[PDB]
Amino acid sequence: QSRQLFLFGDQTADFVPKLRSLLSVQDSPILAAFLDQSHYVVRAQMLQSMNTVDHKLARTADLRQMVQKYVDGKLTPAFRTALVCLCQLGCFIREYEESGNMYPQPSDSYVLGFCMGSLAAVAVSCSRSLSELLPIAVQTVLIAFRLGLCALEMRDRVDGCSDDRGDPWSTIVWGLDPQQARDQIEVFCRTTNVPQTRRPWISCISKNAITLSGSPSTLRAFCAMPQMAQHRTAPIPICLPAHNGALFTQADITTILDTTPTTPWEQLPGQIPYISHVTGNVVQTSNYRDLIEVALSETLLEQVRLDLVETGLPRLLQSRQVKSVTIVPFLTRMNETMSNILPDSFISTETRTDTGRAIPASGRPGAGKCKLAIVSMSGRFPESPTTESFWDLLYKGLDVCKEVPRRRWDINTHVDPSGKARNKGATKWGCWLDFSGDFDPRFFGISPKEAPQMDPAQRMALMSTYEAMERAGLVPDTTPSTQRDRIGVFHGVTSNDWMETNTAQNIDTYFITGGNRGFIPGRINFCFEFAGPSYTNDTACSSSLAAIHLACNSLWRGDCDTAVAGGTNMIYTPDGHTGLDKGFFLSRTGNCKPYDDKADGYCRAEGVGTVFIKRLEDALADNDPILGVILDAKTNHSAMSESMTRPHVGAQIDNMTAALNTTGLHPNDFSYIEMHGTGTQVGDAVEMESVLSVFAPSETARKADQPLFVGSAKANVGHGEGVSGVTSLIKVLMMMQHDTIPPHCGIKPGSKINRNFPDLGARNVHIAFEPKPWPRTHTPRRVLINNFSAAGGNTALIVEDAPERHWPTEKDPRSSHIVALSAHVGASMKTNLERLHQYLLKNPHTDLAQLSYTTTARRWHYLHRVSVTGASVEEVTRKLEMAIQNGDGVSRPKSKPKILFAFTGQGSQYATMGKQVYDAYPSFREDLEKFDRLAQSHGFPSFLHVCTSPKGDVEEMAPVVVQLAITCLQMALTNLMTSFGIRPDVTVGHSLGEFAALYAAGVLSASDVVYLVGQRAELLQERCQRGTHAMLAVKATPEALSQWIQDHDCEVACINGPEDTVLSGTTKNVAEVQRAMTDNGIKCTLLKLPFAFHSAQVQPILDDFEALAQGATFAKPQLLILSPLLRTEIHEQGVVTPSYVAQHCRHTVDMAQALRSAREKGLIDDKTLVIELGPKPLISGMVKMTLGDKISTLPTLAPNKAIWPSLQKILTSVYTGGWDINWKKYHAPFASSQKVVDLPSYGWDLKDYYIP
Amino acid sequence: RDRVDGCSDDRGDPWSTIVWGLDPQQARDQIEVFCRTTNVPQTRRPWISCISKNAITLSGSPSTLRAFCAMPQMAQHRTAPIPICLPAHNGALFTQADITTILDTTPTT
């Protein structure tokens, strides 16, 4: 039968690319565990067996840093053995963890390893599943690291002068017989007098070649001599001894297997047969420890005989498969090489190779090992009250360095000699925000008296946070990630001006409480009701970026699902100017002016900045507008510096390298570096060499046609000293938005770069002087952000490009759309209306469905409200203009109108009933099909064909089907209105709609309504006779008809209004009454019916129907029920019983009296919404005639009409009344429109709360 | 469960019980007679969920199920309640359409 061969290679392989592949896999738990544990064990072992100087150079915290330091020549040759074994085992683990294949088994597998590739073979052969292989593989990696240390020691014991001579200890010589090579070695060593320990030896004996190992000096002298010139040679870059039984001994292996006891040697027996690379035979079955010892003996004590392997492997299978069915192909699984040899030696029989990754996808990577999506942003910057103005200022390369105005403080009042007194300034520059006093306290539930005592930074942070929340379409408690208890606030602030100390004009009890320093995030938590973790950070000049790091850490740990990371910097008290302007740290000139031969300092600036961060999975599920993705945050300290102030090049290099190692990206994947650009003459020099060392190390470096640009927002707005990190992140996100690298304003056109950067261009590192196109392509654009502080802390943030998801374009079936606006006052209502109107005029091509989705489902709805419906953006624009002109929302609302559900009788049936809602909302369709199945399980025929098929009207339809169709349609409509959030306050049904009213009131369950209606209809069909009675609609008061009814034996069926009554009786009596009152001028309508309820025709079924109704459960009403039978209200448990339901079908429907009594009792006023549920509005006329024209009746369905005008009028009226709609369920079945449109920001009702 | 007993949001009482020493056919006949005599709607009838060899399990709405057991001709049998409060194992209440709705958000190519 077929078998599989697993092959493992030696150290000669190229493992760095493959190992880099393993470190990037994402949905493999065992592989991640294997990498973590292998690094842990090697980290433990390398302290014991390394000297102090060599350990400090090679010390690593993670496997990615180990792989980095290996390629930099900071490790030793001992690490190569460990890393190659680790790569082989990780490759096996990934191959079998991604395909989901059955683990290799003893009876269908073989394992073979070459020249230290046998350790992984032993580990794999001693396992039954991938769970048992994890600890064994970690132990094997430890043993492989110990094998490398033993060979390094022997290398130094033979050639102590070869600490630098890591030259090839081996070479390949072609066309040389082993015996001739042996004799030549002997003669050369005898003639040249070489010590016995330096003699060459043959490591490997292949068929067309042999490998010669030895000390580089003697080996090269032996090869570089006559009698070997004919042979072609190739050095092998390995620099360790091996395969020499004259140098190693069993006692060397015993030292390797020292820290590896397992209580039973057979704790791990062997399963898969094992083949030796020095014999070509199957090794006798043993346990793990006895097989590792064999592997090390073969590696260090014996010659690797590849010719014997090639001869014996074919014979091994031939002796086995011959006893089996037949010799069949061989799957060959490889890790480094030696496949290509096997199919050639095998083409005599059997061979194949492998590949695969075919298990179902999973849930996205967890809280860790996952990217963080920035979904919105906001802030305030100098001369930029928005992020749009900030970009417009970046684009042209403006600097806004400016002196203090009289608004904050007048320098002329400070005119005085050298400031040796208190509160004496020494510098005059500074970039303040003119718009600092503006606030809207009422939006945040704050008294206008309390507002002046608040810290301005706090108020601007509040408004910016709301703006960022608006820009992401984030509504708390609407998605799993936006539950109020899963939202944290992470603020970074270092200097608080006039927040806790200065105030003297006014003091109250609520002065220090509420604003100490922890009340910025605390007040954000309280005002927005965020009940997750809350922190503040002081890292002075990297407070905001370190706070973003803390927020990312909380998101990676799982402490929150959404993070609000920001920062503020205020200079309201200019006292800080004096302190810094003593060591020349501050500047007596303009803006920061980053790296150049002109730098003299930096200018302080104020600002605010907010970003909302989620995990990428949560933002993808919420349909949020991702701005960018965070890949890694890193922080360290430049503690090993001459002073805290002095920056250290090594520390910054280490931080940037750590970020790069974590992300797994090459330095050539980065197109922009956002530098800290402190502005000091020497400060920027250190950062530039750090950047070049990390990113553009040399000329002709990997930079060939991929330029790197550098710059900093400190050139445009100054040094934020706490908002620098958020400012830089916001700048970088707005570069991806506009696909443009802004010009750099640090260097004047007539100036020159600093002489310490002589050949920036030669390295392919440029500084934009004009806006540069930065197009968005299929390859994401990566940016590195840097932040430093004079406290010594360094933060580095790597930001990627957001992906392109699908945005499923598809036409929306709706013909019109609703656009909703709201505000907490009238001024804001007018402002928001004007802003949306201007926006739509400026962008006439916007999507209307997505506009509706954004305005309704992705917004919070305040007191004042407005709605508009249009078929296109132009119609909506006209209607918005009319709303602006007429007011429409500027006046306070009131009274929250009551909602009455009215259910129509049985004269409203028609084919294709409610088919438009059935085709619009899957929930309605599911409910209707559920009710049809429920009726079928009750013993009644299916009625669903009434509401879908257009064939057949009354010919093939019995009363049961049409009555059940009407009733179940009304119940489904009730469920649909309940989903949208519409809760009735009272119910009323006419004749057959009474049951739906009871269902809506909570009295009956769905089965009890179906049961009662169907049983009543079946009794009617069975007992009564069709066509005996008739109904007569008469335009006369029921009192005036007493004589005509008391003489012709008729009866009053329904009293539908003050002058509308329906009479019932036999056909002869009905005709006689019609003739009699026709001659009197009365207008009558004759209705022919097969069965006449509320007449004498239903007497026989009364007793039977009352007995059946005993089985139904009548519960306590949950809401008022208007009873046309009792002509009063029902609000107790015992009123509705089987006796009530029996009388209802026989006595008169006094709809007029029920409505009149409800009006008198004050239960329904004229300003209440009467939502008419049913196939056709008939109680609307009753309500209009009985109560008046001042009551609004809202139909649902109609025979030949579109639902959307009617459905949207209900939602609009309820929404404008003051009630809350479940807008997410109104938009749910239309995925095309579920995209957030970038609309204007909130129309803040701003006022100047400036304190003198 | 809510479609049959909307007044059983609080009545999460045992929708099932175990009755020992009752033949399935005798239980079926007694259920039929009780339902015919007491005029119970077709959706509230008891049904046998499980048929072991020594016992059977009777499922139904708690109100009708307890009234059926709490009557003569079943006093002899020892009964215990199963604290489960959901319907199941009833082809007269569920249908292939319910299963199709269940397997909605589960396509594999």
# chains A, B, ... in the order shown; residues from 1 in each chain; ligands from 1
$ select_by_dssp --residues "range 570-699 of chain A" --states "strand (DSSP E)" --output "list in words"
residues 607, 608, 609, 610, 611, 612, 613, 614, 615, 628, 629, 630, 631, 632, 633, 634, 635, 636, 637, 670, 671, 672, 673 and 674 of chain A
$ write_last_selection --atoms "N, CA and C atoms" --output "mmCIF file, in the first residue's frame"
data_model
loop_
_atom_site.group_PDB
_atom_site.id
_atom_site.type_symbol
_atom_site.label_atom_id
_atom_site.label_comp_id
_atom_site.auth_asym_id
_atom_site.auth_seq_id
_atom_site.Cartn_x
_atom_site.Cartn_y
_atom_site.Cartn_z
ATOM 1 N N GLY A 607 -4.112 72.189 21.691
ATOM 2 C CA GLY A 607 -4.914 71.382 20.796
ATOM 3 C C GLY A 607 -5.734 70.364 21.547
ATOM 4 N N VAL A 608 -6.676 69.779 20.815
ATOM 5 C CA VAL A 608 -7.490 68.662 21.275
ATOM 6 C C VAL A 608 -7.486 67.620 20.167
ATOM 7 N N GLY A 609 -7.670 66.365 20.546
ATOM 8 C CA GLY A 609 -7.688 65.301 19.569
ATOM 9 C C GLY A 609 -8.314 64.042 20.111
ATOM 10 N N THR A 610 -9.187 63.429 19.325
ATOM 11 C CA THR A 610 -9.903 62.231 19.728
ATOM 12 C C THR A 610 -9.883 61.241 18.578
ATOM 13 N N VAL A 611 -9.799 59.960 18.906
ATOM 14 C CA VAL A 611 -10.005 58.894 17.939
ATOM 15 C C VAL A 611 -10.778 57.782 18.627
ATOM 16 N N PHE A 612 -11.636 57.111 17.872
ATOM 17 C CA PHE A 612 -12.365 55.951 18.354
ATOM 18 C C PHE A 612 -11.718 54.704 17.778
ATOM 19 N N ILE A 613 -11.413 53.744 18.641
ATOM 20 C CA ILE A 613 -10.712 52.530 18.251
ATOM 21 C C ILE A 613 -11.551 51.329 18.656
ATOM 22 N N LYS A 614 -11.646 50.364 17.753
ATOM 23 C CA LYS A 614 -12.236 49.066 18.018
ATOM 24 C C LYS A 614 -11.258 48.000 17.559
ATOM 25 N N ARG A 615 -11.636 46.747 17.746
ATOM 26 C CA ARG A 615 -10.975 45.675 17.031
ATOM 27 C C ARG A 615 -11.561 45.599 15.628
ATOM 28 N N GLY A 628 -8.236 53.853 9.326
ATOM 29 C CA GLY A 628 -6.934 53.221 9.237
ATOM 30 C C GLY A 628 -6.874 52.119 10.266
ATOM 31 N N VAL A 629 -5.775 51.375 10.240
ATOM 32 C CA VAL A 629 -5.598 50.217 11.108
ATOM 33 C C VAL A 629 -4.285 50.359 11.865
ATOM 34 N N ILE A 630 -4.331 50.142 13.177
ATOM 35 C CA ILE A 630 -3.135 50.120 14.012
ATOM 36 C C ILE A 630 -2.598 48.699 14.049
ATOM 37 N N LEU A 631 -1.303 48.551 13.782
ATOM 38 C CA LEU A 631 -0.651 47.249 13.774
ATOM 39 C C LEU A 631 0.171 46.988 15.028
ATOM 40 N N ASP A 632 0.812 48.012 15.586
ATOM 41 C CA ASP A 632 1.660 47.815 16.749
ATOM 42 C C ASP A 632 1.895 49.139 17.452
ATOM 43 N N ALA A 633 1.946 49.083 18.777
ATOM 44 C CA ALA A 633 2.381 50.189 19.612
ATOM 45 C C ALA A 633 3.512 49.685 20.491
ATOM 46 N N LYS A 634 4.525 50.521 20.687
ATOM 47 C CA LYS A 634 5.716 50.134 21.425
ATOM 48 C C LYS A 634 6.200 51.314 22.247
ATOM 49 N N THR A 635 6.661 51.034 23.464
ATOM 50 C CA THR A 635 7.183 52.058 24.357
ATOM 51 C C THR A 635 8.429 51.536 25.056
ATOM 52 N N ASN A 636 9.434 52.395 25.183
ATOM 53 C CA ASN A 636 10.624 52.074 25.956
ATOM 54 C C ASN A 636 11.188 53.368 26.520
ATOM 55 N N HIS A 637 12.321 53.255 27.202
ATOM 56 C CA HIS A 637 12.941 54.387 27.869
ATOM 57 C C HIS A 637 14.404 54.471 27.474
ATOM 58 N N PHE A 670 7.288 50.920 3.927
ATOM 59 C CA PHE A 670 6.872 52.183 4.512
ATOM 60 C C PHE A 670 7.156 53.312 3.532
ATOM 61 N N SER A 671 6.123 54.085 3.214
ATOM 62 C CA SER A 671 6.224 55.189 2.278
ATOM 63 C C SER A 671 6.308 56.544 2.960
ATOM 64 N N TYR A 672 6.059 56.614 4.264
ATOM 65 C CA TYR A 672 6.103 57.873 4.988
ATOM 66 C C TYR A 672 6.535 57.605 6.419
ATOM 67 N N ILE A 673 7.360 58.496 6.959
ATOM 68 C CA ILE A 673 7.712 58.497 8.372
ATOM 69 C C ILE A 673 7.256 59.829 8.939
ATOM 70 N N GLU A 674 6.357 59.777 9.912
ATOM 71 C CA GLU A 674 5.906 60.967 10.625
ATOM 72 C C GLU A 674 6.826 61.130 11.825
#
$ interface_residues --of "chain A" --to "chain B" --cutoff "9 Å" --atoms "only C-alpha atoms" --output "list in words"
residues 360, 926, 930, 933, 934, 937, 938, 939, 1002, 1003, 1004, 1005, 1006, 1007, 1008, 1011, 1107, 1108, 1109, 1110, 1111, 1112, 1113, 1114, 1115 and 1116 of chain A
$ residues_around --residues "residue 1204 in chain A" --least-positions-apart "4" --cutoff "10 Å" --atoms "only C-alpha atoms" --output "compact mmCIF listing (two decimals) with C-alpha atoms, in the first residue's frame"
# COMPACT_ATOMS: atom_id res chain seq x y z
CA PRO A 813 -36.68 48.40 -3.78
CA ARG A 814 -38.04 51.38 -1.83
CA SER A 815 -39.40 54.22 -3.97
CA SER A 816 -39.11 56.93 -1.29
CA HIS A 817 -36.84 57.43 1.70
CA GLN A 916 -46.04 43.92 -0.71
CA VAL A 917 -44.98 43.66 2.93
CA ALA A 920 -40.31 43.56 1.62
CA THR A 1196 -51.38 50.15 6.47
CA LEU A 1197 -52.48 48.29 3.33
CA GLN A 1208 -43.36 55.51 6.00
CA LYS A 1209 -46.19 57.80 7.11
CA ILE A 1210 -46.77 55.67 10.21
$ select_by_dssp --residues "range 885-1133 of chain A" --states "alpha helix (DSSP H)" --output "JSON, numbers by chain"
{"A": [885, 886, 915, 916, 917, 918, 919, 920, 922, 923, 924, 925, 926, 927, 928, 929, 930, 931, 932, 933, 934, 935, 936, 937, 944, 945, 946, 947, 948, 959, 960, 961, 962, 963, 964, 965, 966, 967, 968, 969, 970, 971, 972, 973, 974, 975, 976, 977, 978, 979, 994, 995, 996, 997, 998, 999, 1000, 1006, 1007, 1008, 1009, 1010, 1011, 1012, 1013, 1014, 1015, 1016, 1017, 1018, 1019, 1020, 1021, 1022, 1023, 1042, 1043, 1044, 1045, 1046, 1047, 1048, 1067, 1068, 1069, 1070, 1071, 1072, 1073, 1074, 1075, 1076, 1077, 1078, 1102, 1103, 1104, 1105, 1106, 1107, 1108]}
$ residues_around --residues "residue 15 in chain B" --least-positions-apart "5" --cutoff "6 Å" --atoms "only C-alpha atoms" --output "JSON, numbers by chain"
{"B": [59, 60, 61, 62, 85]}
$ write_last_selection --atoms "N, CA, C and O atoms" --output "mmCIF file, in the first residue's frame"
data_model
loop_
_atom_site.group_PDB
_atom_site.id
_atom_site.type_symbol
_atom_site.label_atom_id
_atom_site.label_comp_id
_atom_site.auth_asym_id
_atom_site.auth_seq_id
_atom_site.Cartn_x
_atom_site.Cartn_y
_atom_site.Cartn_z
ATOM 1 N N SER B 59 -44.818 14.795 27.249
ATOM 2 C CA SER B 59 -44.556 16.216 27.094
ATOM 3 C C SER B 59 -45.844 16.941 26.740
ATOM 4 O O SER B 59 -46.779 16.357 26.190
ATOM 5 N N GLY B 60 -45.884 18.219 27.077
ATOM 6 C CA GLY B 60 -47.051 19.029 26.804
ATOM 7 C C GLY B 60 -46.964 20.324 27.571
ATOM 8 O O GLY B 60 -45.977 20.609 28.249
ATOM 9 N N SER B 61 -48.014 21.113 27.440
ATOM 10 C CA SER B 61 -48.112 22.319 28.235
ATOM 11 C C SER B 61 -48.268 21.947 29.709
ATOM 12 O O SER B 61 -48.993 21.003 30.036
ATOM 13 N N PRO B 62 -47.607 22.662 30.621
ATOM 14 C CA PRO B 62 -47.695 22.269 32.036
ATOM 15 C C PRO B 62 -49.117 22.178 32.562
ATOM 16 O O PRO B 62 -49.416 21.280 33.357
ATOM 17 N N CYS B 85 -38.199 22.899 29.995
ATOM 18 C CA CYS B 85 -39.378 23.720 29.746
ATOM 19 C C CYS B 85 -39.435 24.180 28.296
ATOM 20 O O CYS B 85 -39.745 25.337 28.008
#
$ residues_around --residues "residue 324 in chain A" --least-positions-apart "2" --cutoff "12 Å" --atoms "only C-alpha atoms" --output "ChimeraX atom specification"
/A:1-3,107-108,317-322,326-328
$ write_last_selection --atoms "N, CA and C atoms" --output "CSV table (one decimal), in the first residue's frame"
chain,number,residue,atom,x,y,z
A,1,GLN,N,0.8,-1.2,0.0
A,1,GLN,CA,0.0,0.0,0.0
A,1,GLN,C,0.9,1.3,0.0
A,2,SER,N,0.3,2.4,-0.3
A,2,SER,CA,1.0,3.6,-0.4
A,2,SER,C,1.5,4.0,1.0
A,3,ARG,N,2.6,4.8,1.0
A,3,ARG,CA,3.2,5.3,2.3
A,3,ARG,C,3.5,6.8,2.0
A,107,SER,N,1.6,2.8,10.7
A,107,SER,CA,1.4,1.7,9.6
A,107,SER,C,1.4,2.3,8.2
A,108,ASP,N,1.5,3.7,8.1
A,108,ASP,CA,1.4,4.3,6.7
A,108,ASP,C,2.3,5.4,6.6
A,317,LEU,N,11.3,-0.5,1.2
A,317,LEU,CA,9.9,-0.5,0.7
A,317,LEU,C,9.6,-1.8,-0.1
A,318,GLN,N,10.5,-2.2,-0.9
A,318,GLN,CA,10.3,-3.4,-1.7
A,318,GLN,C,10.0,-4.6,-0.8
A,319,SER,N,10.8,-4.8,0.2
A,319,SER,CA,10.6,-5.9,1.1
A,319,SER,C,9.2,-5.8,1.9
A,320,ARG,N,8.7,-4.6,2.0
A,320,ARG,CA,7.5,-4.4,2.8
A,320,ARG,C,6.2,-4.5,1.9
A,321,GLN,N,6.2,-3.7,0.8
A,321,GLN,CA,5.0,-3.6,0.0
A,321,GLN,C,4.8,-4.9,-0.8
A,322,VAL,N,5.8,-5.7,-1.1
A,322,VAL,CA,5.7,-6.9,-1.8
A,322,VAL,C,4.8,-7.9,-0.9
A,326,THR,N,0.6,-4.2,-3.3
A,326,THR,CA,1.6,-4.0,-4.4
A,326,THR,C,2.4,-2.7,-4.0
A,327,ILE,N,3.5,-2.5,-4.7
A,327,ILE,CA,4.2,-1.3,-4.6
A,327,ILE,C,3.4,-0.1,-5.3
A,328,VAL,N,3.1,0.9,-4.5
A,328,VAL,CA,2.3,2.0,-5.0
A,328,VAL,C,3.0,3.3,-4.8
$ atom_distance --atom1 "CA of residue 585 in chain A" --atom2 "CA of residue 543 in chain A"
19.5 Å
$ atom_distance --atom1 "CA of residue 952 in chain A" --atom2 "CA of residue 911 in chain A"
7.6 Å
$ residues_around --residues "residue 665 in chain A" --least-positions-apart "4" --cutoff "12 Å" --atoms "only C-alpha atoms" --output "list in words"
residues 20, 21, 23, 24, 64, 68, 631, 632, 656, 657, 658, 659, 660, 661, 669, 670, 695, 780, 781, 782, 783, 784, 798, 799 and 800 of chain A
$ residues_around --residues "residue 78 in chain B" --least-positions-apart "5" --cutoff "12 Å" --atoms "only C-alpha atoms" --output "PyMOL selection string"
chain B and resi 17-22+54-56+69-70+73
$ atom_distance --atom1 "CA of residue 593 in chain A" --atom2 "CA of residue 765 in chain A"
18.7 Å
$ decode --residues "range 48-59 of chain B" --atoms "N, CA and C atoms" --output "PDB file, in the first residue's frame"
ATOM      1  N   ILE B  48     -46.168  11.787  23.709  1.00  0.00           N
ATOM      2  CA  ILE B  48     -45.106  10.979  24.299  1.00  0.00           C
ATOM      3  C   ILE B  48     -43.795  11.330  23.610  1.00  0.00           C
ATOM      4  N   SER B  49     -42.866  11.914  24.367  1.00  0.00           N
ATOM      5  CA  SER B  49     -41.582  12.312  23.804  1.00  0.00           C
ATOM      6  C   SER B  49     -40.631  11.129  23.701  1.00  0.00           C
ATOM      7  N   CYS B  50     -40.549  10.321  24.755  1.00  0.00           N
ATOM      8  CA  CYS B  50     -39.627   9.200  24.819  1.00  0.00           C
ATOM      9  C   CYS B  50     -40.379   7.927  25.170  1.00  0.00           C
ATOM     10  N   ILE B  51     -39.878   6.806  24.657  1.00  0.00           N
ATOM     11  CA  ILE B  51     -40.430   5.482  24.940  1.00  0.00           C
ATOM     12  C   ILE B  51     -39.250   4.597  25.331  1.00  0.00           C
ATOM     13  N   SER B  52     -38.998   4.484  26.631  1.00  0.00           N
ATOM     14  CA  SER B  52     -38.009   3.555  27.153  1.00  0.00           C
ATOM     15  C   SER B  52     -38.705   2.234  27.475  1.00  0.00           C
ATOM     16  N   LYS B  53     -37.954   1.266  27.993  1.00  0.00           N
ATOM     17  CA  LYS B  53     -38.494  -0.034  28.385  1.00  0.00           C
ATOM     18  C   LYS B  53     -38.541  -0.068  29.907  1.00  0.00           C
ATOM     19  N   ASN B  54     -39.629   0.471  30.462  1.00  0.00           N
ATOM     20  CA  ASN B  54     -39.859   0.617  31.898  1.00  0.00           C
ATOM     21  C   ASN B  54     -40.618   1.911  32.147  1.00  0.00           C
ATOM     22  N   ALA B  55     -40.452   2.880  31.251  1.00  0.00           N
ATOM     23  CA  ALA B  55     -41.058   4.189  31.423  1.00  0.00           C
ATOM     24  C   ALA B  55     -41.322   4.800  30.059  1.00  0.00           C
ATOM     25  N   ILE B  56     -42.148   5.843  30.062  1.00  0.00           N
ATOM     26  CA  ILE B  56     -42.310   6.737  28.926  1.00  0.00           C
ATOM     27  C   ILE B  56     -42.245   8.158  29.463  1.00  0.00           C
ATOM     28  N   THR B  57     -41.944   9.090  28.570  1.00  0.00           N
ATOM     29  CA  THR B  57     -41.938  10.507  28.893  1.00  0.00           C
ATOM     30  C   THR B  57     -43.114  11.160  28.189  1.00  0.00           C
ATOM     31  N   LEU B  58     -43.872  11.956  28.932  1.00  0.00           N
ATOM     32  CA  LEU B  58     -45.019  12.678  28.406  1.00  0.00           C
ATOM     33  C   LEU B  58     -44.689  14.161  28.408  1.00  0.00           C
ATOM     34  N   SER B  59     -44.818  14.795  27.249  1.00  0.00           N
ATOM     35  CA  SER B  59     -44.556  16.216  27.094  1.00  0.00           C
ATOM     36  C   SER B  59     -45.844  16.941  26.740  1.00  0.00           C
TER      37      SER B  59
END
